[PDB]
Amino acid sequence: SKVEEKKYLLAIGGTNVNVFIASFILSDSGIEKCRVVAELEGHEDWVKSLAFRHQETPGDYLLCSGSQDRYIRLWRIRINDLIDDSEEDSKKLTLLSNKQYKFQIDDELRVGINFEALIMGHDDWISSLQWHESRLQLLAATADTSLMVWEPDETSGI
Amino acid sequence: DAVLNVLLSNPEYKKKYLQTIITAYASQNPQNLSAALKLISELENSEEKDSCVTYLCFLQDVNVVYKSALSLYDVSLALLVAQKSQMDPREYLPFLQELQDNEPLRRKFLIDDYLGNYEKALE
Amino acid sequence: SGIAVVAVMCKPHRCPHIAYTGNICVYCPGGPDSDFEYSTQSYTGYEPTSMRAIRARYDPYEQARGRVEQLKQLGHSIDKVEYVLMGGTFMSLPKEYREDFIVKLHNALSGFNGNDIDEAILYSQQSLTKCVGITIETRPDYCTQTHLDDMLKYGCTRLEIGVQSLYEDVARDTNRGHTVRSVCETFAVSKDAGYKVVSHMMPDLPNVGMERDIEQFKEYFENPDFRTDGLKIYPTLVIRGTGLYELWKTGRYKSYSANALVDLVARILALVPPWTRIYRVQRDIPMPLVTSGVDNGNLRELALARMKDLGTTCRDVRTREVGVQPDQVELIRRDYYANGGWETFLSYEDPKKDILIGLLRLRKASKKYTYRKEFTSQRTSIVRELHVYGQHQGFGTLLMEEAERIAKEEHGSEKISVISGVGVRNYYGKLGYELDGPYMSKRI
Ligand SMILES: C[C@H]1O[C@@H](n2cnc3c(N)ncnc32)[C@H](O)[C@@H]1O
Ligand code: SF4
């Protein structure tokens, strides 16, 4: 997907237990500064499907990362001047699993990627992932002839 | 003791062979875990606190290491031991947060009621 | 833990020796030209593996996936699985069916979706539910240089040949279709390619009497032609629609009583050398189907009890492991000559309690054989399997430390080469090895 003018982010996945995210800046002729900057751990088996959600809030959107350990781990990508500053002397016992990845693309666009949610179930491997055009649901298809919609309900959060 | 008698004297013996010091304490019948977990906290150069605690929690049960890391009054060390302990993070992490913001002498009473050191708590 | 054994069956087909002989084997039951409904060759359709195949309609992606996750609903917690193929003459099938069969065997573990045989095994190398080997059974006239390197591309490491007799008249009169001097020549090209060769033997065949059975198996381990790494003892069962059923009908073939047969296999296991294993003493056929032959389904323990009061202990490498703690262990090796090459058998043993810890096979590559391109530019030595049971951890790296020191000095080799399976290719990459085709080798 894109962020705000020309800067893109690509999300690589396959054959291992991690998720790779790269970045590159566009130009009049081609692209440049194409390098791998993140390395997302958390999974237990291969990553079969992953997709971006559309940027509803300007500067804040989500990321689904489905995998072959029957889990559908989510991510969350924020923008400049909204980084959720941390690691200060009044630290919050950051629970190193939520270690809040951070990088720069060139110099003037820097992001923060943290962990959001984690869902069990699905009874088998999951195949395909889909978001919605407007609302905040998520479709998942598995390998045991099942198809279920996931939704964040109120008064619970999860 | 005799192994520790030589490679706790030179400054360069505890550089290369710092990992076998962890086994030399933790293999005793008094089970001197409090001196192994003391020299880990002084390791300031790199991430070698991670590589040593993952070796100390293999040859010993992890909650035995967790209760001993909790006893020498430094709470940032007890955090790294608990994440290796297959425990529910909603239990220990809130307990570790209440211990962080208090005063130091306020902490050393709160830390001893958990363990059973009632006389040491009372001081 | 352990190793998960998932058994699949290929498409029900006809053997390829029905054309020029006129029919299949005399004792073989089942198949398409029989009365059992929709059954693979040498099966009846009433077996617990052969009932999972018919419900799956022999679809390899759905037959294997239903078997794997069944074994973890019981809760075996599988992460190392070894496939074995059975039924028919799998290498007699057409070439565009065999390669697509093996591809979907790998896709049931990795999750890759494709049809290229050269690319599916690369995805399967970094799998986490990993394959340590594929066993494919075949006939001795289907182990030529065209067929042996097709199995290397498939990921096969162990292959099984039905020998079933060491006499020339028995392989002729039972319409077997080959000669016994031909199977002792194809053992040599198979063991020099790096395969664990297992053969099948059948007592109580027609025209081989009681006394000829015991000099049949004494020759099998004394002669350096055969001396294989495994056996499956399959006593002859008379089935309903077979060829030997009419010999039972007209009174021209009768079987053994079940007191002399258990006496026989109590003597066969006494001669088993410590480098071979006995996988089966009988096969899984439900006894309502069988008319004559073996009465019950407990011939294994009745044979171990019959040699209790003879003083003789079966020194079998399937029997002599942990299944009793060692507290100590020694390093011994054994050296025998098998069909063209110098085999050695390294192991860790206890001579008192008679229990094994680990084992290893190694072979000097001969000069009359070994057509492979990687094993011709210099003198090489081939390690054939490593198999460690279960500190009790460093037994793998000790057997690889010793098999390499013995190859440079005593063999005089410039390269050592492993026939590791696809899922365990990464265990050898840490030890300094590099892949070159089917093999995981290293210049010495
Ligand atoms: C395919 C495998 O089945 C075995 N086999 C074939 N027919 C019989 C029988 N009647 N009894 C026992 N084993 C048999 C063969 O020996 C071969 O190894
Ligand atoms: S024995 Fe092997 S070959 Fe002879 S018929 Fe039965 S299966 Fe076909």
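Easy rule for this one: first residue shown is 1, then count along the chain.
Just so it is clear, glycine is given a Cβ too, placed from its N, Cα and C backbone atoms.
The [4Fe-4S] cluster binding site annotation in Swiss-Prot covers C:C15, C:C25, C:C28 and is backed by experimental evidence. Following the DSSP three-state reduction, the secondary structure of C:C25 ([4Fe-4S] cluster binding site) is coil.
According to Swiss-Prot, the acetyl-CoA binding site annotation covers C:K80, C:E385, C:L386, C:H387, C:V388, C:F395, C:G396, C:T397, C:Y428, on the basis of similarity to another entry. C:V388 (acetyl-CoA binding site) falls within a strand segment according to DSSP. Around the Cβ of C:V388 (acetyl-CoA binding site), the same chain contributes C:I357, C:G358, C:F395, C:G396, C:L399, each under 8 angstroms and 6 or more positions distant in sequence.
The ubiquitin cross-link feature in Swiss-Prot is assigned to C:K353; the stated evidence is experimental evidence. Following the DSSP three-state reduction, the secondary structure of C:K353 (ubiquitin cross-link) is coil. In the structure as shown, the Cβ atom of C:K353 (ubiquitin cross-link) sits within 10 Å of 12 other Cβ atoms.
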Cα separation, C:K353 (ubiquitin cross-link) to C:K80 (acetyl-CoA binding site) (Å, whole number): 29
Same chain, 6+ residues apart, C-beta under 8 Å of the C-beta of C:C28 ([4Fe-4S] cluster binding site), given in sequence order: C:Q41, C:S42, C:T242, C:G243
Taking Cα atoms as reference points, rank the recorded positions C:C15, C:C25, C:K353 by distance from C:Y428 (acetyl-CoA binding site) and give the first. C:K353
What does the structure give for the C-alpha distance between C:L386 (acetyl-CoA binding site) and C:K353 (ubiquitin cross-link)? Integer Å is fine. 22
Binding-site residues near ligand 2 among C:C28, C:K80, C:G396 (Cβ under 6 Å): C:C28
Using CB under 6 Å from any atom of ligand 1, narrow the recorded positions C:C28, C:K353, C:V388, C:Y428 to the ones that qualify. C:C28
Other CB atoms, at most 10 A from the CB of C:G396 (acetyl-CoA binding site): 15
